[PDB]
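A.B. asks:
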Amino acid sequence: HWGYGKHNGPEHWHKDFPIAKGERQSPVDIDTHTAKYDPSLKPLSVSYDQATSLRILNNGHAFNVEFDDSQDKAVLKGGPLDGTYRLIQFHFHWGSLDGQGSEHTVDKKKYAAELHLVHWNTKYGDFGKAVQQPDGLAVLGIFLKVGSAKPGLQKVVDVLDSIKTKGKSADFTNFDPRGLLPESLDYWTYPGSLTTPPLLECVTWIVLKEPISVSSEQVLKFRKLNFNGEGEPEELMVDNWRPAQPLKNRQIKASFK
Ligand SMILES: [Zn+2]
Numbered sequence: 004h005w006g007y008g009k010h011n012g013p014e015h016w017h018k019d020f021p022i023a024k025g026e027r028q029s030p031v032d033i034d035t036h037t038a039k040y041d042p043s044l045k046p047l048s049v050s051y052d053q054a055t056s057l058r059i060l061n062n063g064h065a066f067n068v069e070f071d072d073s074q075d076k077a078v079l080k081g082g083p084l085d086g087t088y089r090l091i092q093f094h095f096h097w098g099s100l101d102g103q104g105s106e107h108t109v110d111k112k113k114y115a116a117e118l119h120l121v122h123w124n125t127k128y129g130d131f132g133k134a135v136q137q138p139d140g141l142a143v144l145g146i147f148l149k150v151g152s153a154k155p156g157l158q159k160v161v162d163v164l165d166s167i168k169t170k171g172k173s174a175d176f177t178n179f180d181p182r183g184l185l186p187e188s189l190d191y192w193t194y195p196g197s198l199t200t201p202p203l204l205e206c207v208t209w210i211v212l213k214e215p216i217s218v219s220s221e222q223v224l225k226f227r228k229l230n231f232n233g234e235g236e237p238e239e240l241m242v243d244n245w246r247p248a249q250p251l252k253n254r255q256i257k258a259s260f261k
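In structure tokens:
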């Protein structure tokens with residue numbers, strides 16, 4: 004029964020998931036002056052032209068846009084990664100107010116939201133096996149700020165009324181995740197974890213420097229979702245973000261000077 008409330012939020016997770024106090028937890032603050040440029044890091048290769056989106060699901064903590072990951076259709080490679088990582092789903096974390104919502108921070112700055120494109124390492129065969137490995141996942145994190153609308157987000161925003169409550173799903177085919185990417189693929193990278201229970205330490209994080217802009221109307225639609233099921237007391241799905249965790253024995257690397 005973990006969540007984001009006063010009685011079950013991030014400060015309680017360690018009781019059920021002791022790895023919450025582990026050595027490589029996420030998110031973290033990205034101190035830009037202390038990140039080190041690593042000239043040997045390769046450009047990212049984001050290959051989403053053949054992506055097959057299938058469905059959108061309200062899982063009670065976020066909404067996931069799910070993809071067919073039974074072939075190499077939408078893959079992430081390069082950068083810090085060895086091998087090929089398949090896109091399984093993306094989701095967001097967002098705030099009740101524009102001044103909070105992101106999980107990672109940049110020099111302590113919080114963005115309005117954060118997009119996570121979740122990929123798993125094909127050498128492990130399936131997602132459930134991948135999360136048990138220290139190099140199992142690669143998550144592309146993209147910050148959202150409020151300003152101009154993001155046209156490529158609109159199809160997502162418009163279906164949210166159909167998945168208001170926990171356990172609702174809707175068909176969501178032919179969505180192109182390339183419309184959620186900023187111009188630049190400059191990034192920071194570090195080893196970390198899932199940011200929701202089970203908090204497994206299986207993620208190579210790749211956090212883009214350049215945020216995307218979304219409109220106030222778009223983020224407001226996020227905030228109309230519900231954490232609860234239909235016919236349960238309504239609680240708005242907002243502030244579904246875990247705060248920054250200690251960096252411990254990790255160095256954040258930058259792909260750019
Ligand atoms: Zn996430």
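According to PDB author numbering, the stretch in the sequence shown is residues 4 to 125, 127 to 261, in order. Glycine included, every Cβ here is placed at the ideal spot set by N, Cα and C.
Would the stretch 198-206 count as touching the stretch 216-228 if we require 3 or more Cβ pairs under 8 Å?
C.D. replies: No: fewer than three Cβ pairs fall under 8 Å.
A.B. asks: Leaving out five residues before and five after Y51 in sequence, what residues of the same chain have Cβ atoms less than 6 Å from its Cβ?
C.D. replies: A77, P181 and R182
A.B. asks: Buried or exposed for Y40, going by 16 or more other Cβ atoms inside 10 Å?
C.D. replies: exposed
A.B. asks: Do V121 and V135 have their beta-carbon atoms positioned less than 7 Å apart in this structure?
C.D. replies: no
A.B. asks: Please report the straight-line C-alpha distance between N67 and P83, rounded to a whole angstrom.
C.D. replies: 25 Å
A.B. asks: How would you write the range of the beta strand (DSSP E) that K149 sits in, first residue to last?
C.D. replies: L141 to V150
A.B. asks: Between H15 and ligand 1, is the CB less than 6 Å from at least one heavy atom?
C.D. replies: no
A.B. asks: Among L251, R27 and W245, whose alpha-carbon lies nearest the alpha-carbon of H119?
C.D. replies: Residue nearest to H119 within the set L251, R27 and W245 is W245 (criterion: CA-CA distance).
A.B. asks: Ignore the nearest five residues each way along the sequence and tell me which others in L148's own chain have a CB closer than 7 Å to its CB.
C.D. replies: Answer for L148: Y114, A115, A116, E117, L118, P215, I216 and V218, listed in chain order.
A.B. asks: With 16 as the cutoff for other CB atoms within 10 Å, does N230 come out buried or exposed?
C.D. replies: Buried, because 16 or more other Cβ atoms sit within 10 Å of the Cβ of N230.
A.B. asks: For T199, is the beta carbon positioned less than 6 Å from some heavy atom of ligand 1?
C.D. replies: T199 Cβ: within cutoff of ligand 1.
A.B. asks: Would you check if there are 3 or more beta carbon pairs closer than 8 Å linking the stretch 53-63 to the stretch 161-178?
C.D. replies: yes
A.B. asks: In terms of residue numbering, what span does the beta strand (DSSP E) encompassing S220 cover?
C.D. replies: No beta strand (DSSP E) contains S220, which is instead part of the alpha helix (DSSP H) from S220 to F226.
A.B. asks: What do you reckon, are the CB atoms on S259 and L44 nearer than 7 Å?
C.D. replies: Yes. Within cutoff.
A.B. asks: Assign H94 to one of two classes, buried (16 or more other C-beta atoms within 10 Å of its C-beta) or exposed (fewer than that).
C.D. replies: Buried, since its Cβ has 16 or more Cβ neighbours within 10 Å.
A.B. asks: Where does the unbroken beta strand (DSSP E) through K159 begin, and where does it stop?
C.D. replies: Segment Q158 to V163 is the alpha helix (DSSP H) holding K159; no beta strand (DSSP E) there.
A.B. asks: According to the neighbour-count rule (16 or more other Cβ atoms, all chains shown, within 10 Å of its Cβ), is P21 buried or exposed?
C.D. replies: Classification of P21: exposed, given that the 10 Å Cβ count is below 16.
A.B. asks: Take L100 as the anchor and find which of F226, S48, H10 and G235 has the nearest alpha-carbon.
C.D. replies: The candidate whose alpha carbon is nearest that of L100 is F226.
A.B. asks: Would you kindly report the start and end of the unbroken alpha helix (DSSP H) that includes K80?
C.D. replies: Element bounds for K80: not the alpha helix (DSSP H) but the beta strand (DSSP E), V78 to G81.
A.B. asks: Leaving out five residues on either side along the sequence, give the residues of the same chain with a beta carbon under 6 Å from the beta carbon of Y7.
C.D. replies: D243 and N244
A.B. asks: Using 8 Å for Cβ pairs, my map puts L189 next to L157. What's the rounded Cβ distance?
C.D. replies: For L189 against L157, the beta-carbon gap comes to about 19 Å, at or over 8 Å, which does not count as contact.
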